[PDB]
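**Q**
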Amino acid sequence: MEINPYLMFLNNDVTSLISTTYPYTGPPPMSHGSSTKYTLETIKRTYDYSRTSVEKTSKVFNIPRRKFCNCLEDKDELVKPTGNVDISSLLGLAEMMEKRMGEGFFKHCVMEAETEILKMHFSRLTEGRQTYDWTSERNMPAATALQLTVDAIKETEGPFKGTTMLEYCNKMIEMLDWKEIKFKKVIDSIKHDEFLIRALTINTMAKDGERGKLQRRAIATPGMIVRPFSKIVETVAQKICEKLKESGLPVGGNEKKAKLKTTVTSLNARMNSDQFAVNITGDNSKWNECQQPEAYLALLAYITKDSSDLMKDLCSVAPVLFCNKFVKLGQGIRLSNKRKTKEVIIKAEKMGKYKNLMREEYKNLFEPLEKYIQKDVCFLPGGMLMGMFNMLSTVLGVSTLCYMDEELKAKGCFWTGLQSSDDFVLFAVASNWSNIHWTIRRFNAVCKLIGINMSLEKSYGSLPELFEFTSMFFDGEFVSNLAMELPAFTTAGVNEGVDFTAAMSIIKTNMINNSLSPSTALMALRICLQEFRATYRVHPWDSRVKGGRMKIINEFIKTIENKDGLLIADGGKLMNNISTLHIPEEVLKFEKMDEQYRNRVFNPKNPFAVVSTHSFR
Amino acid sequence: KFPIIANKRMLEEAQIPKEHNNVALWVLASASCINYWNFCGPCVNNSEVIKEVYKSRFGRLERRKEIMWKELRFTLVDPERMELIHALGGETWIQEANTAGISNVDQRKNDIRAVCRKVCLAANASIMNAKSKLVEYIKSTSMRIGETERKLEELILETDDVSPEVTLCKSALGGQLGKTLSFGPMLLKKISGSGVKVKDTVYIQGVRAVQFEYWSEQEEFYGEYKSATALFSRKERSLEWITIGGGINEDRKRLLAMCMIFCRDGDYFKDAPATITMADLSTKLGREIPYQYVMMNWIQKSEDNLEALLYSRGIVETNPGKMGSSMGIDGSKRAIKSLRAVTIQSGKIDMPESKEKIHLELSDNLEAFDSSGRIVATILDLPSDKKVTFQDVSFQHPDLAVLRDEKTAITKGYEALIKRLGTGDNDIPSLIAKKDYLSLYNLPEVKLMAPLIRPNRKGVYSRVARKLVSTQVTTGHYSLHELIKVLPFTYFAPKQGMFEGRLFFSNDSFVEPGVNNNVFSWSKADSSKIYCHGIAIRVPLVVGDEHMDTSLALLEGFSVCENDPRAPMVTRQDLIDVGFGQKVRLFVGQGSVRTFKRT
Amino acid sequence: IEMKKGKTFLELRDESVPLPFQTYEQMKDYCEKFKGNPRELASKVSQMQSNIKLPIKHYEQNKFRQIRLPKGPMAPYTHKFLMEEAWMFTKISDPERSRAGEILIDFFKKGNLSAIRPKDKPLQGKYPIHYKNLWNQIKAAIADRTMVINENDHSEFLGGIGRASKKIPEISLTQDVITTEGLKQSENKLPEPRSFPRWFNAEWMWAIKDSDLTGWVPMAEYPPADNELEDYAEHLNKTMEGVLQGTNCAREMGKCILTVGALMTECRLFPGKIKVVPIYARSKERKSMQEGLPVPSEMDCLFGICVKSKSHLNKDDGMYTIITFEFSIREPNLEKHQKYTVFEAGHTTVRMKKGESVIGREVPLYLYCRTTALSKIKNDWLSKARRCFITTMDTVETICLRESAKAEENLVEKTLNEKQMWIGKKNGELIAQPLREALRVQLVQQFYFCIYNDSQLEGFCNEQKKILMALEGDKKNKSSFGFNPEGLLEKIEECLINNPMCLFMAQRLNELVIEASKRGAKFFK
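Chains as they are written, first to last, in UniProt numbering: chain A, 1 to 186, 211 to 632, 655 to 663; chain B, 58 to 83, 95 to 146, 233 to 753; chain C, 183 to 707.
So, in structure tokens, the structure goes:
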């Protein structure tokens with residue numbers, strides 16, 4: 001006998017079994033690292049996708065500046081990625097989109113973003129995945145580096161009493177011109217150029233956690249200076265993407281399916297009996313190595329052209345900050361003797377000192393870039409490595425999709441679709457099995473004009489019924505999702521009265537998005553409960569455990585009868601179910617907990655979501 | 058060790074000693101300190117404040133508690235609820251939970267149609283008394299329909315809801331019809347034309363032959379399936395043209411296949427698939443079946459059969475200007491290739507109405523005939539028998555319901571064992587006080603329950619049960635619960651063998667002493683009750699100590715004793731090689747360990 | 183009010199600009215006044231479309247091809263523990279001694295381990311003497327009631343075999359020193375390619391079987407119910423659990439869980455120390471020898487032992503090392519067992535029914551020695567093995583609702599007991615089983631995914647999806663079209679090395695396309 005766990009795909013669909021193809025969600029044990037090898041290949045492919053050779057030495061660093069925008073050359077083999085952007089076509093597409101949506105559209109959106117920012121407190125910057133400290137030269141949460149920056153400002157030139165985003169930004173600006181800056185270390213100070221560099225430094229993070237593909241080997245990790253301007257630009261781009269029908273970035277699921285079906289139905293009701301449509305599942309390649317902040321700057325200028333000069337100048341900050349971005353090279357190379365009994369370790373700044381020892385592969389990837397190196401970093405003048413400006417990239421993609429001219433109209437063909445950050449789905453329309461090819465080629469050309477490329481080994485197409493988008497494998501029916509998320513206690517331990525409620529809410533959400541079903545949700549619940557217990561080293565009372573926390577619980581338990589009312593953290597049992605997720609177990613056991621136990625737990629006169659006497663400050 | 062921070066005065070004011078029982082608890097502190105604080109600490113009364121502050125959450129809980137849960141149903145798409239929409243309705247399923255509104259009519263329709271299906275099926279057990287047994291079932295079936303205790307002899311008529319079962323049961327009542335038809339689950343209707351019956355043959359395996367019938371003239375109809383309309387014309391055993399206005403893939407596919415069978419178009423009416431030859435059984439247990447219903451059943455088995463049937467229908471390449479009204483193999487609204495003589499469109503085809511009532515004539519197989527044949531309904535167009543709990547119903551005539559299962563058999567056996575007690579002589583307590591257990595091994599009720607016992611290894615079960623019975627009687631220490639539990643096994647003769655710890659019936663269920671189970675459970679503080687699948691039963695007597703002595707109801711030749719961890723854990727097998735004065739621990743259930751000593 | 187400007191910022195802004203513009207003001211004026219000239223834009227896009235040659239294939243005139251696998255020796259066993267060739271001693275479970283340190287000592291008391299005395303000469307191995315002396319030291323430590331090992335000679339070696347050397351500061355470096363030592367850049371090694379494994383099917387089949395014992399995996403309780411939905415969910419979960427617990431895959435899952443639960447604590451409380459840890463599991467019920475029905479039997483089982491090296495889990499991405507001493511009663515094969523050093527440790531006993539009694543038949547005994555490393559992330563990934571079920575539960579439920587929705591009624595039991603699913607081919611003919619029996623295959627697939635998880639597997643799973651969608655489109659007569667299939671074939675062939683799971687899946691996928699060619703027109707032979 002033999003086995004083949006794919007024969008079930010013959011007499012069945014794929015929307016029902018595709019889940020079996022990918023492992024279960026969780027932290028990737030691959031340990032995708034960010035090494036000097038990886039940092040250098042990326043930079044090379046970046047400079048190469050720029051099909052030009054022009055440069056211009058600066059005046060703030062005495063360094064060349066590869067200006068890869070509006071200077072396209074090397075037309076040969078243009079099916080491969082490109083990064084040289086054309087401003088004329090960009091502004092033309094922006095104008096088309098404006099005309100479609102309306103005239104005072106960009107103005108209204110920028111006004112909303114402004115007013116939202118005004119009442120904003122700089123403290124918001126503490127809400128971020130991670131950043132890069134410019135003093136310790138490391139990566140940390142936002143709050144830590146923020147405290148470092150504010151206390152350094154205090155130590156050097158007095159405190160920052162703004163308590164607002166705008167004063168913070170202006171303080172950063174002023175600091176750009178300070179000659180000497182101080183900070184507590186292991211105390212030390214620095215000069216103007218070094219502080220500038222540090223502020224324009226970036227570090228490659230190894231973390232890449234998500235479903236689909238973990239292509240984020242070297243996800244960026246900027247500092248704190250540019251953070252608020254990036255937040256502002258993202259707020260504006262978000263306010264814009266909301267009004268756009270073909271923008272699935274800000275949210276997903278129910279709304280996403282609504283957008284899908286609206287699009288499909290409008291299409292079906294649009295064309296005629298002679299036309300026949302088609303779909304394409306596209307996947308933009310190198311969406312980070314072909315997005316240039318210069319085009320973003322010109323676009324923001326064209327946007328704010330008619331608005332308060334305040335926003336005109338503000339939106340023009342993060343772009344220039346990305347036009348000049350020093351990239352921190354990872355850990356340096358290491359030497360070794362033949363038998364490997366000895367091994368030197370060297371940093372990146374000195375690899376230019378032993379370039380003779382290194383093997384030819386590393387040697388042909390290091391010399392052409394030595395020009396752009398200063399001490400240990402690389403002056404990257406463009407590209408976009410961070411997972412930032414995703415909203416803005418999506419806006420540019422939608423601009424690409426809202427194109428239409430008379431050359432197409434004459435042939436009776438057109439297109440439309442939807443675009444995520446770097447993944448999209450196209451729907452072409454025509455009346456011949458050949459004009460479809462012409463339309464596809466036209467679309468690819470207009471996309472390549474502005475660096476937006478497409479893959480050939482990962483982008484396919486077929487008739488309209490079948491496609492895929494953001495793991496939501498759409499079909500004639502039976503829309504199947506695969507974005508099943510889950511919590512993680514060991515990595516994020518907060519309290520024994522919040523994690524469980526948060527997990528219940530998460531499961532509820534996943535059910536809403538149809539990524540989970542009743543039985544699946546119940547199994548996940550009974551699994552997360554055990555994970556929680558094992559995390560905090562707690563068990564029920566029926567169990568014959570001998571752990572520390574159980575000892576006392578093994579003696580002060582007979583003093584109660586409302587075992588049902590007991591808390592999970594205290595030898596309790598579950599009572600919540602599908603229809604009782606939004607309801608925390610506490611609210612569900614209040615009237616049931618013994619008066620003595622309820623009161624012992626609810627005592628604000630204690631040494632320390656329903657605020658329990660279960661917190662771990 | 059002490060990562061968790063705390064306050065200092067808050068600690069001393071509560072008098073929290075460190076290392077209470079070798080647990081430090083601690095400025096810093098451990099986590100166990102919280103348990104010590106919530107188990108032995110200060111007492112407040114802040115319930116009202118907490119509730120007021122968390123009013124929104126507790127109002128959500130209240131609302132939740134203010135629900136009347138209803139049934140659920142699997143189906144598709146043709233604020234206070236947003237808090238629960240996640241648990242209210244998905245996409246394949248939905249729950250009809252309501253809040254304040256009540257109207258019991260459509261549920262009543264489902265009930266009446268279900269029971270009509272049931273009864274009409276029940277009448278399909280003979281060959282001659284069909285109509286008679288049917289009508290007598292009807293006359294013996296009353297219901298608390300809605301709120302009124304009505305009978306099922308007027309509802310079938312007073313109601314106006316077309317269905318195969320309603321019609322099949324009302325024709326026998328000489329009731330009015332509406333000219334509607336039912337070919338399987340599909341609903342049909344005539345529009346124009348007419349014809350006469352004609353016979354033809356069809357092969358099976360390429361050698362045999364079977365006769366079917368059809369019509370030779372032209373005639374147009376109005377098909378209709380779940381969320382799918384249609385119109386079509388049949389001519390000479392073949393489908394000429396057809397159109398559809400309800401856009402769904404599966405619905406359209408199945409409706410088209412059913413209309414094709416209704417038109418008998420296709421080559422599988424000349425020969426048959428190689429799957430049918432596997433059976434060639436166009437027959438029931440003792441009845442005959444046409445070819446159409448056999449083909450249909452063959453479709454219901456798998457959609458591959460549907461695809462094969464549709465391929466039998468010619469497939470061609472669509473021409474320009476027709477994509478908008480073309481079709482695909484999978485119901486695709488438009489395609490570069492479609493099927494012959496098809497037309498897709500949007501908007502459901504408005505169905506006509508016939509205001510002419512008639513009466514039909516039932517046959518041996520209950521098939522009704524209005525005129526010129528033209529069968530309107532039958533049992534063949536029904537689903538298989540589906541057991542469903544019926545309430546608000548009374549069904550008196552035999553064949554009403556088997557009402558006989560191993561579970562119910564055991565329940566009744568135990569009820570009889572309990573009643574036999576009867577607080578009198580020649581009953582359980584008298585024989586106990588008399589110490590005459592042998593008679594217990596000869597009662598009638600145990601003899602009635604014996605057939606429910608696993609036969610292969612009943613001797614050992616009887617041996618063990620008699621052991622327990624005698625050991626609890628002679629000494630006078632016993633427990634009526636475990637006794638009654640094991641009694642049904644003390645009928646056959648004892649034999650040697652290997653026992654495991656469970657007594658298995660014939661239905662693969664089991665029972666175990668010293669523990670509780672769904673089939674049989676009980677507990678102290680309610681000893682006057684005995685649960686059987688949750689059904690609480692009463693004891694004709696009262697006891698406060700007759701049950702408290704279970705030291706001999708766990709094992710056969712042993713007795714419980716004081717707990718002792720030093721004693722080694724053992725199994726049920728090595729017990730034979732133990733001695734006296736030798737304590738031993740052993741599991742008595744799930745994570746339940748107890749110590750035992752011989753005798 | 184306004185954003186008070188500095189100087190350096192303005193200089194940069196005036197510097198970093200497009201080519202024809204050298205000041206923010208010129209670019210700004212050009213932008214604020216940009217007008218639309220769709221004609222030049224159309225000409226430009228047409229010129230770009232002309233100087234581009236975008237191919238568009240339809241998968242029909244230019245079909246796919248079978249994949250070219252690597253060539254060389256067979257891929258060996260990779261998982262840490264043993265699944266099919268394993269063996270375990272048993273004993274009764276005491277809730278007062280439900281810990282590794284106690285279970286191991288108890289197992290050792292009866293002296294069945296002390297009888298394990300491997301001879302000097304092995305069958306196939308590399309460093310037998312180290313393993314043997316280490317086993318003796320392990321027994322000595324257990325005798326001392328402390329799992330610790332004081333002497334560090336063998337563990338040190340076997341932990342340093344990977345990498346250990348001196349380090350010279352860069353400042354103490356010159357040119358003559360270099361020329362003397364011949365220093366160079368550390369060449370980086372690549373994984374060697376391997377062939378198709380010819381033992382995966384056997385392990386899969388064995389896993390699909392039903393284990394004599396049951397209850398390997400522990401689970402939580404079931405909360406109350408308040409409506410039909412929760413009742414249905416609970417019923418389905420109970421059914422699936424009762425079906426799965428009786429398998430052997432569950433045994434391995436519980437073993438991994440309980441062993442990682444101890445290793446994650448030893449790497450936390452005794453870092454930088456050498457400890458001893460058992461490889462054990464816990465059961466709760468068996469099947470009668472006289473009846474095929476379940477019976478309560480709480481019990482503990484010991485498959486082997488695992489030693490731990492110094493583990494701090496804060497440096498070198500938290501890499502640490504372990505050493506495995508597993509028991510087996512099945513002699514090895516040279517190919518599958520390459521990383522394993524094997525011995526022969528006396529004999530043992532097997533117990534089987536004989537009428538109404540139990541008997542014992544003595545057999546030989548083998549000892550499988552192997553070294554391997556781990557990390558904190560791998561621990562967090564293995565501990566969460568139960569999640570596999572969730573995915574198996576979702577595969578069961580999508581199917582049990584779709585149908586239930588087409589007919590608008592509960593068809594759960596009907597589909598579970600009737601719906602046939604292809605599982606494999608026997609004697610050149612397909613094999614089908616009910617869903618209730620294919621749950622096992624689904625779960626084993628998810629488990630193997632959880633074990634051999636790696637970048638290669640990520641790429642394989644991310645790429646096969648396109649082939650699956652193309653095939654589905656083929657089934658339903660849709661002119662699937664692409665741009666460069668051969669490039670995808672290469673993308674998939676480049677990620678096939680030293681990972682038997684990916685190779686097995688690739689082979690089965692080729693077989694699938696072959697079998698479907700009988701009904702599809704997009705694949706070569």
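Built from N, CA and C at the ideal position, the CB exists for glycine as well.
Using DSSP's beta-bridge definition, name the partner residues of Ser296 of chain B.
**A** Position 142 of the second sequence, counted from the first residue, corresponds to residue 296 of chain B. According to DSSP, which records beta bridges pairwise, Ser296 of chain B is partnered with B:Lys305, B:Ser548.
**Q** Under the DSSP definition of a beta bridge, which residues are partnered with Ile505 of chain C?
**A** The residue given as residue 505 of chain C occupies position 323 in the third sequence. Bridge partners of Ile505 of chain C: C:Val489, C:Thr553.
**Q** At what residues does the beta strand (DSSP E) containing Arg468 of chain C begin and finish?
**A** Start at 1 with the first residue of the third sequence, and residue 468 of chain C comes out as number 286. Per DSSP, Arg468 of chain C belongs to the beta strand (DSSP E) from 457-469.
**Q** Classify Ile345 of chain B as buried or exposed, calling it buried when 16 or more other Cβ atoms lie within 10 Å of its own Cβ.
**A** Here residue 345 of chain B is taken as the residue at index 191 of the second sequence, counted from 1. Answer is exposed; the Cβ neighbour count stays below 16.
**Q** Cβ closer than 8 Å: which chain A residues qualify as neighbours of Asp458 of chain B?
**A** By one-based count along the second sequence, residue 458 of chain B stands at place 304. Going along chain A in sequence order, the residues near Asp458 of chain B (Cβ under 8 Å) are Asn11.
**Q** Alpha helix (DSSP H) containing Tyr206 of chain C: first to last residue?
**A** As a first step, residue 206 of chain C must be located in the third sequence, where it is residue number 24. First-last of the alpha helix (DSSP H) with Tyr206 of chain C: 206-214.
**Q** Take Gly400 of chain B as the anchor and find which of B:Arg391, B:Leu410, B:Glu394 has the nearest alpha-carbon.
**A** Your numbering for residue 400 of chain B matches position 246 in the second sequence. Comparing Cα-Cα distances from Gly400 of chain B to each of B:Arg391, B:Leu410, B:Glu394, the minimum goes to B:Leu410.
**Q** Kindly indicate the opening and closing residues of the beta strand (DSSP E) around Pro616 of chain C.
**A** Within the third sequence, the letter at position 434 stands for residue 616 of chain C. Where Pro616 of chain C is concerned, the enclosing beta strand (DSSP E) stretches over 612-616.
**Q** How many Å lie between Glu654 of chain B and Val673 of chain B at the Cα?
**A** Here residue 654 of chain B refers to the residue found at position 500 when the second sequence is read from its first residue. Here residue 673 of chain B refers to the residue found at position 519 when the second sequence is read from its first residue. Cα to Cα, the separation comes out at about 19 Å.
**Q** DSSP state of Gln330 of chain B, grouped into three classes?
**A** Counted from its first residue, the second sequence places residue 330 of chain B at position 176. Looking at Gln330 of chain B - three-state DSSP - the assignment turns out to be coil, as it is neither helix nor strand.
**Q** Kindly indicate the opening and closing residues of the alpha helix (DSSP H) around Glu569 of chain B.
**A** On the second sequence, residue 569 of chain B is found 415 positions in, with the first residue counted as 1. Here the alpha helix (DSSP H) through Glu569 of chain B covers 560-574.
**Q** Taking only three categories from DSSP, how would you classify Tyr378 of chain A?
**A** Locating residue 378 of chain A in the first sequence gives position 354, counting from the first residue. Here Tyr378 of chain A sits in coil by DSSP.
**Q** Can you give, in chain order, each stretch of the alpha helix (DSSP H) that sits fully within the region 321-388 of chain C and has at least 4 residues?
**A** For the region 321-388 of chain C, whole alpha helix (DSSP H) runs of length 4 or above, ordered along the chain, are 336-342, 357-363.
**Q** Could you tell me which uninterrupted alpha helix (DSSP H) segments, each at least 4 residues in length, are contained entirely in the region 593-642 of chain C, listed from first to last along the chain?
**A** Those alpha helix (DSSP H) runs which fall completely within the region 593-642 of chain C and span 4+ residues are 594-600, 617-633.
**Q** I want to see whether chain B comes within less than 8 Å of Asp618 of chain A, judged by CB atoms only; does it?
**A** For the purposes of this step, residue 618 of chain A is identified with residue 594 of the first sequence, where counting begins at 1. So no, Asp618 of chain A is outside the interface.
**Q** Check distances from the C-beta atoms of the region 14-48 of chain A to those of chain C and list, in chain order, the residues that come in under 9 Å.
**A** Correct list: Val14, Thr15, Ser16, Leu17, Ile18, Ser19, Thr20, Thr21, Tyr22, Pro23, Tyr24, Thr25, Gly26, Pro27, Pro28, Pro29, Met30, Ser31, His32, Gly33, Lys37.
**Q** Report yes if the C-beta distance between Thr126 of chain A and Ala142 of chain A is below 8 Å; otherwise report no.
**A** The sequence position of residue 126 of chain A within the first sequence is 126, counting from 1. The sequence position of residue 142 of chain A within the first sequence is 142, counting from 1. Yes.
**Q** Which parts of the region 604-630 of chain A are runs of the alpha helix (DSSP H), unbroken and 4 residues or longer, counting only runs that do not cross its ends?
**A** Runs found: 609-613, 619-625.
**Q** Less than 6 Å between C-beta atoms, sequence neighbours within five positions excluded: which residues of the same chain meet that for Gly485 of chain B?
**A** The residue given as residue 485 of chain B occupies position 331 in the second sequence. Correct list, in chain order: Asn403, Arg406, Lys407.
**Q** Can you tell me which of B:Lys272, B:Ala690, B:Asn113 puts its alpha carbon nearest to the alpha carbon of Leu536 of chain B?
**A** The residue you call residue 536 of chain B lines up with position 382 of the second sequence. Nearest option by C-alpha distance: B:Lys272.
**Q** Just mark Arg558 of chain B as buried or exposed, buried being the case when its beta carbon has 16 or more other beta carbons within 10 Å.
**A** For this step, residue 558 of chain B is matched to residue 404 along the second sequence. With fewer than 16 other Cβ atoms within 10 Å, it is exposed.
**Q** Please classify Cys483 of chain C: is it buried, with 16 or more other beta-carbons within 10 angstroms of its beta-carbon, or exposed?
**A** Start at 1 with the first residue of the third sequence, and residue 483 of chain C comes out as number 301. With 16 or more Cβ atoms within 10 Å of its Cβ, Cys483 of chain C is classed as buried.
**Q** Starting from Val80 of chain B, trace the alpha helix (DSSP H) in both directions and tell me its first and last residue.
**A** Here residue 80 of chain B is taken as the residue at index 23 of the second sequence, counted from 1. No alpha helix (DSSP H) contains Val80 of chain B, which DSSP labels as neither H nor E.
**Q** Can you check which of these residues, C:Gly188, C:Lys707, C:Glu611, is closest to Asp177 of chain A by C-alpha distance?
**A** In the first sequence, the residue the question calls residue 177 of chain A occupies position 177. It is C:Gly188.
**Q** Tell me which residue opens and which closes the alpha helix (DSSP H) that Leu425 of chain A is part of.
**A** If you number the first sequence from 1, residue 425 of chain A lands on position 401. 414-425 is the extent of the alpha helix (DSSP H) around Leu425 of chain A.
**Q** Which residues of chain B have a Cβ atom closer than 7 Å to the Cβ of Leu451 of chain C, listed in chain order?
**A** Indexing the third sequence from 1 puts residue 451 of chain C at position 269. The contacting residues do not exist; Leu451 of chain C stays about 11 Å from chain B at best.
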